[PDB]
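Reviewing the structure listed below.
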Amino acid sequence: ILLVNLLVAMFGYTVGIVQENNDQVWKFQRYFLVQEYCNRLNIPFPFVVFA
Amino acid sequence: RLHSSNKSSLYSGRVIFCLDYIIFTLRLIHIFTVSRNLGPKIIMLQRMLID
């Protein structure tokens, strides 16, 4: 009871912190997947081994 | 514990050592208050006693 509902409170507060930043952190992380999928001359994946 | 040839005194000595082990192990919390990250949360833990 005590030690689990402490963890519930700490999760609730951390979500309360990082949410107004979390849209920024998501669209900052978006850079990395866009750069790993636009850098390579990519064909479909199964066939990639042929290239 | 030193009262040998008496099973009741020896067993009661071992029960006393077990409860004392509870105390010695719970002291480790207050040992580890010095971290940058464990520290504030151990401090936050002891503000919960009225709830």
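We label chains A, B, ... in the order they appear in the structure tokens, count residues from 1 in each chain, and number ligands from 1 in the order shown.
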Contact set, chain A to chain B: 10 Å, only C-alpha atoms, as a PyMOL selection string: chain A and resi 2-3+6+10
All helix (DSSP H, G or I) positions in chain A, as a VMD selection string: chain A and resid 2 to 38 46 to 49
Gap from atom CA of residue 36 of chain A to atom CA of residue 49 of chain A - Å, one decimal: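 Going from atom CA of residue 36 of chain A over to atom CA of residue 49 of chain A covers 17.3 Å.
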